[PDB]
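Student: following this: a sequence and the matching experimental structure.
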Amino acid sequence: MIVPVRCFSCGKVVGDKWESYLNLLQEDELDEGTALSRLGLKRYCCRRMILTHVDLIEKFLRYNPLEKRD
Amino acid sequence: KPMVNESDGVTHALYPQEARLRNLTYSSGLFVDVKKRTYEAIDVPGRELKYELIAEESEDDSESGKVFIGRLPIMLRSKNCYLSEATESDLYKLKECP
Amino acid sequence: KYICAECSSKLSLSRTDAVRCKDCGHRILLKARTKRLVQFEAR
């Protein structure tokens, strides 16, 4: 499920930063805290938004709405 | 392996998606060999009956010897089921949840 | 109109035709969404 566009608490916008955040994690091999602070996420609620996100859109995408089995 | 015969008499392997959507029953068929023997004796009063082999029907040399006996349900992912050896792409193209 | 379930082939079926796909021969057929978008008000 694609990243929330806005922060549920302070109204800020975090939706656009997900793509750039993923870059710092393996291209620059940085840790999670410094990467989170590199993008201006300073309140811990924005860090909560980005840090604990389960990206489920890459699993539905390998799939079709037609013929799942059980 | 599990399979289904439609009302038209056509036979096709049954997969869990079709069983789920079409309200079928995931099951397979059981085949058992059967042999028959007939013995005949002369009933002489006061004497023990001595039967002798005369006729023995055994079709082990032909595919007609397998008597169909019934249908048995199959539990998912067991040895017989098609899902046993499916890889991730196999599960996706058949549309399983990994 | 309808659509196949494996190859999603575009098919049209009458009220008497068999419910099958012409190319793959499957027995599972899906509808097609209303081509003309219709506006609504949620009440």
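Tutor: Cool, got the structure. Numbers count the residues shown, from 1 in each chain, chains lettered A, B, ... in the order given.
Student: alpha carbons only for contacts and neighbour counts from here, please
Tutor: OK.
Student: now residue B:20: phi and psi?
Tutor: Backbone geometry at residue B:20, expressed as degrees, to the nearest 10, gives phi -70, psi -50.
Student: right, and it touches residue A:69 too?
Tutor: Yes - here residue B:20 reaches residue A:69: they are 6.7 Å apart, a contact under CA atoms under 8 Å.
Student: let me see the contact set for the closest residue to chain A within chain C.
Tutor: Per CA to the nearest CA, residue C:5 is where chain C lies closest to chain A, at 5.9 Å. By CA atoms under 8 Å, 6 or more residues apart in numbering or on different chains, the contact list for residue C:5 reads A:66, A:67, C:26, C:28, C:29, C:30.
Student: what of residue B:55?
Tutor: B:37, B:38, B:39.
Student: now swap in residue A:32 and tell me
Tutor: A:25, A:51.
Student: try residue A:47
Tutor: Residue A:47 neighbours (CA under 8 Å, 6+ apart): A:36, A:41.
Student: and chain C, which residues reach chain A?
Tutor: Taking CA under 8 Å from any CA of the partner chain as the measure of proximity, chain C contacts chain A at C:5, C:6.
Student: how far does the longest helix belonging to chain A sit from its chain's centre?
Tutor: When chain A is parsed with DSSP state H, its longest helix is helix A:17-26. Centroid separation for helix A:17-26 versus its chain: 9 Å, with CA atoms, centre = their mean, to the nearest Å.
Student: can you pull the buried residues of whichever helix or strand comes after that helix?
Tutor: Per DSSP states H and E, the first helix or strand lying C-terminal to helix A:17-26 is helix A:32-38. In terms of neighbour count (16 or more other CA atoms under 10 Å in any protein chain shown), helix A:32-38 has its buried residues at A:35, A:36.
Student: residue of chain B nearest chain A, please.
Tutor: For chain B, CA to the nearest CA, closest residue to chain A: residue B:17, 3.6 Å.
Student: residue C:8 versus that residue, what's the distance?
Tutor: 16 Å (CA to CA, to the nearest Å).
Student: looking at those two, which is more packed in?
Tutor: residue B:17 (18 against 14; other CA atoms under 10 Å in any protein chain shown).
Student: what does chain C put close to chain B?
Tutor: Going by CA under 8 Å from any CA, none of the residues of chain C are near chain B.
Student: near chain B, which residues of chain A show up?
Tutor: Residues of chain A lying near chain B (CA under 8 Å from any CA): A:62, A:63, A:64, A:67, A:68, A:69, A:70.
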